[PDB]
């Protein structure tokens, strides 16, 4: 019960959705990582990927738009799914930061995520290419869960748990797409049923995390 099912189901919906509504974006989804790619990454980082994360990699090794010039277009409402290469390189980058070590580091829910700027076991899987990430937390706080999905990086003094595992994360993104929570071209988020304004996907995830903690 790791979220492997959810990862596979999610990718089926996202593969279909992009092909129907945004072929240019579909085309950026890379071919599978092989087991060797993954094993080499696990040996470099001395880390064991959670099963739903490996499952996701064996469907797409991130996103890539070589012939573009305007920048790669992020799948998650502008934020880019990182290649395994980028994952390895960025994790190492963050480890350096962690060795080298302003404001108060906090967590929502409280005590779910370590109250620190950088941790070696925070594996970035998505980037805004501006220092911020979604990824997987392999060293939770005392009221967190192993391999929970968190926001972290340069503008996340407060870290948010946005999903129990990578599978649930992928699935909730796919549900946003199927509900029509988007506009376009480049993909952005809007709440369709409320006729809401365009919103940054991080702000959406943060509001949802805050709501869900409060009533629970």
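Residue numbers count along the first chain shown, from 1.
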query: Across other compared entries, residue 71 missing in at least a third; finding: yes
query: At least a third of the other entries leave residue 136 unmodelled; finding: no
query: Residues of the deposited sequence that sit between residue 131 and residue 130 yet are not modelled; finding: none
query: Residue 185 preceded by how many uncoordinated deposited residues after residue 184; finding: 10 or more
query: Greater mean Cα temperature factor according to the PDB record, 186-194 or 66-74; finding: 66-74
query: Ranked C-alpha temperature factor of residue 48 among modelled chain residues, by third; finding: highest
query: Chain-relative CA temperature factor third for residue 136; finding: lowest
query: Residue 30, C-alpha B-factor rank within chain (lowest, middle or highest third); finding: highest
query: Where the record places residue 103 (Cα B-factor, split into thirds across the chain); finding: highest
query: Position of residue 1 among the chain's modelled residues by C-alpha B-factor, lowest, middle or highest third; finding: highest
